[PDB]
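Student: Structure incoming, see below.
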Amino acid sequence: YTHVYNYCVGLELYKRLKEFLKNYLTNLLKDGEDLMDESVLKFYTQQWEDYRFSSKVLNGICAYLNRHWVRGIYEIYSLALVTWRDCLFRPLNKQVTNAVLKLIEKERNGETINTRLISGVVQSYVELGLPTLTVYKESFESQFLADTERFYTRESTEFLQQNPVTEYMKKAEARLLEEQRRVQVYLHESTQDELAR
Amino acid sequence: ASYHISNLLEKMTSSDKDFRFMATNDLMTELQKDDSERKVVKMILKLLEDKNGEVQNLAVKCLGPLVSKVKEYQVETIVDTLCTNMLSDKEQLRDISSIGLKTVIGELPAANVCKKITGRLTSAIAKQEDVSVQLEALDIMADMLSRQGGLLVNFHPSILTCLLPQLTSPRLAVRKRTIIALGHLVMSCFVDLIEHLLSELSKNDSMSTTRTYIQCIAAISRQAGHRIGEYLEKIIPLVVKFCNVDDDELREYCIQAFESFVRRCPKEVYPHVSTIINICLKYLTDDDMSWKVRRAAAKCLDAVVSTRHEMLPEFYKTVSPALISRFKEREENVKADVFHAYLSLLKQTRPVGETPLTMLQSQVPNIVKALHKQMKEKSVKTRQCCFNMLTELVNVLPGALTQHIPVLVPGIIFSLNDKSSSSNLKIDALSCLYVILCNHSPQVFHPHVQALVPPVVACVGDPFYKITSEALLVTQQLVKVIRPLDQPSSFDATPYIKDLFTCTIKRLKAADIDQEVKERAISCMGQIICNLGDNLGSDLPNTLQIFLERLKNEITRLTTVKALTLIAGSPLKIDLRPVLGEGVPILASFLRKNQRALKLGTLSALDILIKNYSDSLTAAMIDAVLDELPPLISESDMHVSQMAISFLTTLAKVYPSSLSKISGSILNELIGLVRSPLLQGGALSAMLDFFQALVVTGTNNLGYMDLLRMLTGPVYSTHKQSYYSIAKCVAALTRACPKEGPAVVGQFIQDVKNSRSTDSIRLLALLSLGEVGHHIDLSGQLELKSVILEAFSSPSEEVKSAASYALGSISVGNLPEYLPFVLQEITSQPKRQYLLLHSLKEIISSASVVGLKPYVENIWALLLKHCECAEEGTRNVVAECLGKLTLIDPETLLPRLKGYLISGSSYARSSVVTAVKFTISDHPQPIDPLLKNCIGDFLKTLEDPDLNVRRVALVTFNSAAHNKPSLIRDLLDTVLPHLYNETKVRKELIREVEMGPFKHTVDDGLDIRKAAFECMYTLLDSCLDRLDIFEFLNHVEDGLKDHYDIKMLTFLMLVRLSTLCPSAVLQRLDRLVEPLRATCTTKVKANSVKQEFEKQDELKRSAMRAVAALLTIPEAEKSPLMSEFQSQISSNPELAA
Amino acid sequence: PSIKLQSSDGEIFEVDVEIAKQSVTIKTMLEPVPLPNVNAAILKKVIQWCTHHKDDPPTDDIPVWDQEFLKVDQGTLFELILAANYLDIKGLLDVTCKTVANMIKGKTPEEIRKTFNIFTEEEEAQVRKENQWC
C-alpha cells in the first residue's frame, strides 16, 4: 500500500500491469488442454476463484493511482473482467460449454453430483461485462437455450412415441419443477420470465 | 354540472311519479359514467318514507353506488337515521330499512359505519319483547360476519357475551340464526375467544343438555375445525356417555363424528368412535324414524373411509367390510349410502402382513352372492348401483370374477331385455359387459355367446345414440373375444356371421345418424372384416365403396383409416386389389392439410396396404404418393416423416422398378432431414433399413458408389448430429455389400493423407469405419492398426470421442482378435489411457453376453488394477466400467464385489462404492432384488471412516434415492440418524484466512452439507410421509448461517414446505422467522465490490419471496417483528409480486 | 469494540468504531498495522477532531471552532493535508481546502510565493494583456 502512492514516472504502470495480467492469464490457460470432462470443470472453477480473489485483493490494495487524476477500462476490477472476457473467446469456450452440457444431461438422467463446478462459471458469465450481460446472452446463454430446446424436443418426441400422455404430464411437470429449482438456486434470477415464456 | 343538477332537482321535486323515475334513471346513469350532496341526501331520506314502491326501489338502488362519491361526514348521520327508523312500527318501513342497510353494506368495501352498527346491535341483540327484531338483527350480524370480520380489536368480546343468552331462545328459528352467526364469527375469526367459547360450552354440557349445544358445536367445528385438538379428549367421552339414552337424540352426536374426521385427520382416537358407529348401525325397531338414524352413521363411514389411507389392514382384518356387506337389505337411502361407501373404498384400494389382494380375493365370493341376492329387485337405482359395483370390482384388478360368469350372465340379460329400464341403466350395463369381456380371458365367454348375441344385436338398433354407441362397442369386443387369433380356439361361429353383419351394415349408412355412432359402426365393421371377413365373400367386393366414399368426409376420416389399417394388417388375407386402384389416390389427396393424427393414420394405412398387397400397382398412384411426400416431410414433425419413409423402404424391397423417379425434390428433402438435429432412435434405424434396401435393389443411378460420392460431396465443400447421421447412413449403405474392397482402401488412404484433408473428413471416415466394423470382419487386411493410430494421434479434442468410439466398435466387431491387443495396450501405454479406457467402456457396453462371458475374469483382473489413479476422471471411468460389468451375471460378480468392503483399503472401498452407484437405473433391472439386500451392508459398513469416503457414500445415497426412492424405503429409518449426524457445524479443516480487511473462509465440508441437503430435498419430493417431521424441521431451521448457496436451498425448501402440507410449519413460526429477520436487516459491508451487492438483492429478494410464501398460509394473525416498512425494503414487496 | 493501531514512532492509541466510522481507509481495517506516514501528533489531532465531530446530518460558511483549531504553523498544515490526502477523508479535507482558499483570497503575488516556498519577465506582460477583462 505504501508503494502504491510511493510510485509517483507515476503514469507508466497501467501498461505493465495489463501485460503482466495478460501473460499470466495465457500461461494459466495453456495448462487447460489435457482436461475435457469431469476434470476440466473443477480445475477451471478453482483457477477462476483464485483469479477473482487475486483481482479483489489487487483492487482493494491499490485503487488510488488508476483513474483519479482525469480518467480497457482503467478500473482494476473492470480491467480484469475485460481481460477474462476477451481471453474467453479461445476455443476452450466450446469445450467448457460441451462439458457443462454433458454434465447437465447426466444430472437429468437420474443421478446427482456437486453443483459448484458449473455454478462457478455461471457466476463468472453473470458477473462478466463491467449486471451488464453482453457476451453472456449473445453467445453462451443463446447456445445453451438452443441445446436445451433441442433436448426437450427430443424428450417430448421419444416420450410421446413410447410412453402414454398420462406419464408425459407427470414427466413434464417434474422437468418444469426442476427448471424452476435451477433458475432459483442454480442460475441467475434475471431470466425467470424469458425461460418460463 | 351545477345548473344541470339544479334543474334536475327542481323538475324532479314536483310531486310526480314519472318525473322522479326519469330523474333517478338520470342520476344513476351519471353516477355510473358541498351543498349538492346535502340536498341529494336529504331528498333521498325524504323519498325513503314515500309510500310508492318503484320510487323506494329506485332510491335504495341508488343508495348503493352513492357511497363512493358522497362525503364521509354525513354517512354516520344517515346510518344513525336508518337505525332509528329500524325501530319503527310499520313493517314496510322495517323492510325498506333492512334492504337499505343490506345494500350499503354490500356495496361497502368511512369505516366508522361498521363500528357504529355493531355497537348499536350489541345492545339491540339483548332481550326484547319483539322476536322479529331479534331475527332481523341476527340476519344483519350474519351478513356482517360473512362480509366484514377485519380488525375488530375490541368488539368481539362484547358481541360474544351479548349473544350468549340468546342461544336459549325458545324459538328454533332464533336458535338457528344464532348458531349461523356464531359459525360465521368463528370462520371470520381472537387469540383466546374460542377458548372461552369452548370452556362455556363444556361447562354447559354438564347440565340439562339440549340439541342446541351439540348443533352449535358441530357448526363452529365445520366452520373452523383446525383449532380444536386439545378439547376433543373430553368431547368424545361426553358424546359416548350421552349416546346411551332412550330418547331419539343421537342424530347430532353421530353428525359430529364425520365432520370431526374431515377437519382433523391426525388423531389417535379412531377405534373407539369406529366401534361406537359400528354398534350404532344396528338400531332397528313419518312416525317411524329408525330408517333415518343410520344415515348419519353411513356418512360417518364415508368420511372415515375417505380420510384414512395408511391403515388398510386395520379396516380389512376387522368385521367392518363384513358388516358393511351384510347390511344391504335396508331402505333405499341406506342401500345407496352403503353402496357409495363400498365404491369409495374400492376406489381407494388402488395403490398411491398379507397384501390386500388376499383378503379381497377371499371376500370376492361374498360380494358376488350379496350382489346376486340384491339383483332380485325392480328398482332401477339398485340395478345401477349393482352395475357400478360390478364395473368397479372388475376394473380394480384383472381376472377377478373368473368363477361367477355363469351366475352373473342371467342378471345382465334380464337387465338388458326388460321393458322397464332407463337409458342410464342400459348404458352402464353395456359398459360393465364390455369391460368384463375385455379384462377377462376369452375362455370364460365361449358358452355364453348364444345368450349374449341376441340381446346385444337387439340393443344395437335404438333411437338413442349413447346406447347405440355402447352396443357397438360391446359388439366389437364380443367379435374380438369370440375369435382370438392369439391362441387357437375350437368353436363354430357361422350362425352369428350374418346376425352381426346385418346390424353392422345397417348402422353404417348415414340415416341422419350422429357422428359418434357412425364412427363406432365403422370401427365395428373394420374389426369384423379384419378378424372374420373370409366368411363374408358375397358382400366383400361391393361394400368397400362405403369406406371410399366416407374418406372424403371430414367428420369420419380417422376412424375409417384406422379400420382400413386394421383390415390390411390381418393375418387372414383380405381382397382389396380392385379397391386399391381407386383408394390410394383418395388417401394421397389428403396429404396437404395440417393434421398430425390424420397424416400418421393415412401413412400407416398406405404402408400396411403396400406391404400386404403389392401384386398390382400402377405408376399413377406411385407418382401421386411421391409428389405428396415433400409436403409431409418437415423438420418440426418427426413421426410423419418416419412413417412416410416406410413407403420407400417397402417399395425398394417389394417393387424395385419404381425408384428411378425418386430424385430432385424427395431426395433433397430426405438428405436435409438426415442431417437434421432431431433424428434419433427408430428414425435412424429406418434410415439404415431404407438405405440398405436402396443398395440391394440393384437399379441404375442408385448404386453404392454414386450415393457415397453424392453424400461426401457436401462434406468436402454443421453440428455433430449431422456427422453422426451421415456416418450411420454411409455405414448402412456399405453394410449390404460386405465384399467392398475399393471403398475401404479409399477411406484408408483418405485418412492417411495429410494434404487436402480436414479434421471433419477424417473424423467422419473414422466414425464410419468404426460403425461398419460392428459385425463385418475387416482384420484380414494388413497395415490397419498403424494408420488408425496415426489418424487418432491428432491435437483436436473433438476427434478424441469419435476415435474412441471407432476403436471400441472395431474391437467389439470380433472380440478374440482385438481384446488381447487392447489389454496389452492398457497395460503398456501410460500416456494414452483416457482413449483406451473410453474404448473399453464402449466395448463393455456393446459386448454381447455370449462373447463376454469367457472374458469376464481377465477384464475383472485388469479393472481392479486401475482403481488407484491420480486423475479423477480415470478412476470414475473404471468405476463406471465396473458398474456396467456388474450388470451381467450378478450371482458371481456381486458376491466378490461385496468382499472388499472390509478387506480393501479406503481407496478400494471408495472405488467399489463409486462402481456400484452406477448399477442402479431408472428402468427395472434383474439385479434389483440382490441390490435391495446388498445396500444394507454397503451402507452399514460405511459409517464414518474418512471425509472423502463419507462424501462418496452420501453421493451414492442421493443417487440411489433419486433413481429409485422405493428401493431404499425400508433402510431409510436406519440411516436417518447417520444422515442427520453430519448436518451440524463441525470444525474439521476450516483454515482461517487472516489477510486483512477481506476474508474468504475455505470450508471443505460445504460439499458434504450440500450433498446432505440434496438428499433431504429429494426425499421430501419423493416420499415425505416416511420420516420424523419435527427433527427435519429443526435441522432445516438450524442450518442457515453457513453459506450462500445453502441459504438459498433452505429458503427454497421452506417455500416448498409452505405449499406442501403446511400443518407442521405453522407451529414454529417465530423460530423460522427470526433468522430471516436477523439476516435481512443485514447490510453488507459497504466498499465491497459490486457483485456482493447484486447477490444481496438476491438474498434480500429471496428472503422477501420466502416470507410471502410463508405468509400465504391461512394463519396470519401473528405479526412478530414484521411491521417495519423501511426505505431500503420499501420496494421489495412489489418486486416480489 | 476497542481497536488498537501502531504508530510510526512506536506508540499505541485506542480507537472506537463510532469514532472511525467517518473514515474509509481505516473503516476497512476495523471491519495494529504499520503506518509510517502518520505520526503521534496527527493521530491525537485527528482522533480528537473525530470525537468532537462524529454526529451530523448526512463565518465563511464553516464552523467557528475550525478557525482556532487550524491556527498552526505551515509545517503542521503540510503534514495534515498530506495525511488527509492519504486517508482520503472528506470532512477534514474539505475544511482545510476551504481554509486554504480563504487565506489565498486577495493577496499579493510576492507574499503568496514566499509563503508557499516554491515564468516572470518573459510572459508576465502577455498574461496581463489578456486578463484585464476581469
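Note on naming: chains are A, B, ... as they come in the C-alpha cells, residues start from 1 per chain, ligands start from 1 in the order shown.
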Pick out the chain B residues within 9 Å of chain C. Count only C-alpha atoms. Give them as a ChimeraX atom specification.

Tutor: /B:996-998,1085,1087

Student: Please extract the residues of chain C with a backbone DSSP assignment of alpha helix (DSSP H) and present them as a VMD selection string.

Tutor: chain C and resid 27 to 30 40 to 52 65 to 69 74 to 86 91 to 103 109 to 116 124 to 129

Student: Got a sec: who's within 8 Å of stretch 710-726 of chain B, counting only C-alpha atoms, leaving out chain neighbours fewer than 3 positions off, as an MDAnalysis selection string?

Tutor: chainID B and resid 674:677 679 684 706:707 729:730 760:761 764 767

Student: Go ahead and write the residues just picked, C-alpha atoms, as a PDB file, in the first residue's frame.

Tutor:
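Wrote part-v1.pdb, looks like this:
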ATOM      1  CA  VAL B 674     -30.982 -36.847 -42.388  1.00  0.00           C
ATOM      2  CA  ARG B 675     -28.689 -34.034 -41.211  1.00  0.00           C
ATOM      3  CA  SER B 676     -31.432 -32.513 -39.046  1.00  0.00           C
ATOM      4  CA  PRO B 677     -30.504 -32.479 -35.329  1.00  0.00           C
ATOM      5  CA  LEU B 679     -33.233 -37.791 -35.858  1.00  0.00           C
ATOM      6  CA  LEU B 684     -32.067 -43.768 -37.514  1.00  0.00           C
ATOM      7  CA  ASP B 706     -22.696 -42.729 -56.630  1.00  0.00           C
ATOM      8  CA  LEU B 707     -24.610 -42.457 -53.345  1.00  0.00           C
ATOM      9  CA  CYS B 729     -26.146 -43.669 -43.420  1.00  0.00           C
ATOM     10  CA  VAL B 730     -22.933 -44.444 -45.313  1.00  0.00           C
ATOM     11  CA  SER B 760     -14.115 -33.220 -40.211  1.00  0.00           C
ATOM     12  CA  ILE B 761     -13.369 -35.543 -43.142  1.00  0.00           C
ATOM     13  CA  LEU B 764     -16.279 -38.841 -40.336  1.00  0.00           C
ATOM     14  CA  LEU B 767     -16.547 -42.976 -37.332  1.00  0.00           C
TER      15      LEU B 767
END

Student: Residues of chain B near chain A: apply a cut-off of 7 Å, count only C-alpha atoms, and supply the list as a list in words.

Tutor: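 On the chain B side, the interface is residues 678, 872, 873, 955, 958, 959, 962, 963, 1048, 1049 and 1091 of chain B.
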
Student: When the cut-off is 9 Å and we count only C-alpha atoms, which residues of chain C are near chain A, given as JSON, numbers by chain?

Tutor: {"C": [35, 36, 37, 86]}

Student: Write a file of the selected residues as a PDB file, in the first residue's frame, keeping C-alpha atoms.

Tutor:
ATOM      1  CA  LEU C  35       1.574   3.458   9.327  1.00  0.00           C
ATOM      2  CA  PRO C  36       4.880   5.303   8.797  1.00  0.00           C
ATOM      3  CA  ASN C  37       3.202   8.222   7.001  1.00  0.00           C
ATOM      4  CA  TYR C  86      -3.574   9.699   2.134  1.00  0.00           C
TER       5      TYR C  86
END

Student: Mind pulling up the distance from atom CA of residue B:736 to atom CA of residue B:842?

Tutor: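 These atoms are spaced 24.2 Å apart.
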
Student: What's the 6 Å shell around residue C:6, counting only C-alpha atoms, without same-chain residues fewer than 5 positions away, as a VMD selection string?

Tutor: chain C and resid 12 32 to 34

Student: If you count only C-alpha atoms, which residues fall within 12 Å of residue C:116, apart from same-chain ones fewer than 3 positions away, as a list in words?

Tutor: residues 74, 75, 77, 78, 100, 103, 104, 109, 110, 111, 112 and 113 of chain C

Student: I need the residues from that last selection saved to file as a PDB file, in the first residue's frame (with C-alpha atoms), if you can.

Tutor:
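Result file part29.pdb:
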ATOM      1  CA  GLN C  74       2.695  25.991   7.898  1.00  0.00           C
ATOM      2  CA  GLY C  75       4.678  22.810   8.556  1.00  0.00           C
ATOM      3  CA  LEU C  77      -0.664  22.109   7.953  1.00  0.00           C
ATOM      4  CA  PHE C  78       1.553  20.452   5.338  1.00  0.00           C
ATOM      5  CA  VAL C 100      -6.523  27.486   2.351  1.00  0.00           C
ATOM      6  CA  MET C 103      -6.197  32.527   3.032  1.00  0.00           C
ATOM      7  CA  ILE C 104      -5.213  32.907  -0.644  1.00  0.00           C
ATOM      8  CA  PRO C 109       1.927  37.609  -5.629  1.00  0.00           C
ATOM      9  CA  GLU C 110       5.148  38.259  -3.700  1.00  0.00           C
ATOM     10  CA  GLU C 111       3.737  37.161  -0.337  1.00  0.00           C
ATOM     11  CA  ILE C 112       1.932  34.159  -1.849  1.00  0.00           C
ATOM     12  CA  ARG C 113       5.117  32.864  -3.485  1.00  0.00           C
TER      13      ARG C 113
END

Student: Which one is closest to residue B:914: B:169, B:974, B:828, B:948? Count only C-alpha atoms.

Tutor: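 Closest to residue B:914, using only C-alpha atoms: B:948.
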
Student: Do you have the atom CA of residue B:866-atom CA of residue A:117 distance handy?

Tutor: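 If I compute the distance from atom CA of residue B:866 to atom CA of residue A:117, I get 25.3 Å.
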
Student: Extract, using only C-alpha atoms, all DNA, RNA and protein residues at most 12 Å from residue C:53, discarding same-chain residues fewer than 2 positions from it, and format them as a list in words.

Tutor: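 Surrounding residues, per the criterion: residues 18, 19, 20, 21, 22, 46, 47, 48, 49, 50, 51, 55, 56, 57, 63, 65, 66, 91 and 92 of chain C.
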
Student: Using N, CA, C and O atoms, can you export the residues from the last selection as an mmCIF file, in the first residue's frame?

Tutor:
data_model
loop_
_atom_site.group_PDB
_atom_site.id
_atom_site.type_symbol
_atom_site.label_atom_id
_atom_site.label_comp_id
_atom_site.auth_asym_id
_atom_site.auth_seq_id
_atom_site.Cartn_x
_atom_site.Cartn_y
_atom_site.Cartn_z
ATOM 1 N N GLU C 18 -17.285 3.934 16.280
ATOM 2 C CA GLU C 18 -18.038 5.160 16.033
ATOM 3 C C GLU C 18 -17.110 6.319 15.692
ATOM 4 O O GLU C 18 -17.422 7.138 14.819
ATOM 5 N N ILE C 19 -15.966 6.403 16.373
ATOM 6 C CA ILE C 19 -15.016 7.480 16.122
ATOM 7 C C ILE C 19 -14.343 7.335 14.762
ATOM 8 O O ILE C 19 -13.885 8.331 14.190
ATOM 9 N N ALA C 20 -14.278 6.121 14.219
ATOM 10 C CA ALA C 20 -13.630 5.868 12.940
ATOM 11 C C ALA C 20 -14.613 5.562 11.817
ATOM 12 O O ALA C 20 -14.183 5.157 10.732
ATOM 13 N N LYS C 21 -15.917 5.734 12.049
ATOM 14 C CA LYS C 21 -16.899 5.422 11.014
ATOM 15 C C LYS C 21 -16.788 6.375 9.830
ATOM 16 O O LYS C 21 -16.939 5.959 8.674
ATOM 17 N N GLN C 22 -16.533 7.659 10.093
ATOM 18 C CA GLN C 22 -16.457 8.636 9.009
ATOM 19 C C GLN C 22 -15.273 8.369 8.086
ATOM 20 O O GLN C 22 -15.296 8.774 6.919
ATOM 21 N N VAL C 46 -6.274 14.053 14.845
ATOM 22 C CA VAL C 46 -7.379 13.522 14.053
ATOM 23 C C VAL C 46 -8.412 12.852 14.952
ATOM 24 O O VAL C 46 -9.623 13.023 14.763
ATOM 25 N N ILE C 47 -7.954 12.086 15.945
ATOM 26 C CA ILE C 47 -8.881 11.336 16.788
ATOM 27 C C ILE C 47 -9.694 12.277 17.674
ATOM 28 O O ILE C 47 -10.857 12.000 17.985
ATOM 29 N N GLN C 48 -9.104 13.402 18.094
ATOM 30 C CA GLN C 48 -9.854 14.346 18.917
ATOM 31 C C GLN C 48 -10.867 15.118 18.081
ATOM 32 O O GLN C 48 -11.947 15.468 18.572
ATOM 33 N N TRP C 49 -10.536 15.396 16.818
ATOM 34 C CA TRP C 49 -11.496 16.040 15.927
ATOM 35 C C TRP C 49 -12.667 15.115 15.623
ATOM 36 O O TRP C 49 -13.820 15.557 15.563
ATOM 37 N N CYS C 50 -12.388 13.824 15.424
ATOM 38 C CA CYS C 50 -13.454 12.868 15.140
ATOM 39 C C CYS C 50 -14.390 12.711 16.332
ATOM 40 O O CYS C 50 -15.609 12.589 16.159
ATOM 41 N N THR C 51 -13.840 12.694 17.548
ATOM 42 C CA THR C 51 -14.682 12.580 18.735
ATOM 43 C C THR C 51 -15.601 13.787 18.879
ATOM 44 O O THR C 51 -16.789 13.637 19.189
ATOM 45 N N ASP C 55 -21.301 13.135 14.959
ATOM 46 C CA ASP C 55 -22.721 13.087 14.635
ATOM 47 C C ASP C 55 -23.104 14.373 13.916
ATOM 48 O O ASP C 55 -22.919 15.469 14.456
ATOM 49 N N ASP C 56 -23.640 14.235 12.708
ATOM 50 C CA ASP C 56 -24.023 15.373 11.885
ATOM 51 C C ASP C 56 -25.024 14.893 10.844
ATOM 52 O O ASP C 56 -25.104 13.691 10.566
ATOM 53 N N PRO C 57 -25.811 15.800 10.266
ATOM 54 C CA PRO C 57 -26.733 15.391 9.212
ATOM 55 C C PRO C 57 -25.975 14.835 8.024
ATOM 56 O O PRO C 57 -24.855 15.283 7.713
ATOM 57 N N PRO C 63 -17.730 25.993 10.479
ATOM 58 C CA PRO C 63 -17.828 26.109 11.940
ATOM 59 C C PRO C 63 -16.795 27.073 12.506
ATOM 60 O O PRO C 63 -15.650 27.128 12.051
ATOM 61 N N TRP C 65 -15.427 26.932 15.354
ATOM 62 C CA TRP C 65 -14.377 26.215 16.072
ATOM 63 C C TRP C 65 -13.165 25.973 15.182
ATOM 64 O O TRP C 65 -12.024 26.040 15.652
ATOM 65 N N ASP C 66 -13.393 25.711 13.893
ATOM 66 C CA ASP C 66 -12.299 25.405 12.978
ATOM 67 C C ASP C 66 -11.340 26.574 12.798
ATOM 68 O O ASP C 66 -10.200 26.364 12.371
ATOM 69 N N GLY C 91 -14.572 15.208 5.322
ATOM 70 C CA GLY C 91 -14.884 16.351 6.167
ATOM 71 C C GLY C 91 -13.665 17.192 6.491
ATOM 72 O O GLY C 91 -13.697 18.420 6.387
ATOM 73 N N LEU C 92 -12.569 16.541 6.886
ATOM 74 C CA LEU C 92 -11.348 17.279 7.194
ATOM 75 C C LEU C 92 -10.721 17.862 5.933
ATOM 76 O O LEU C 92 -10.204 18.985 5.955
#
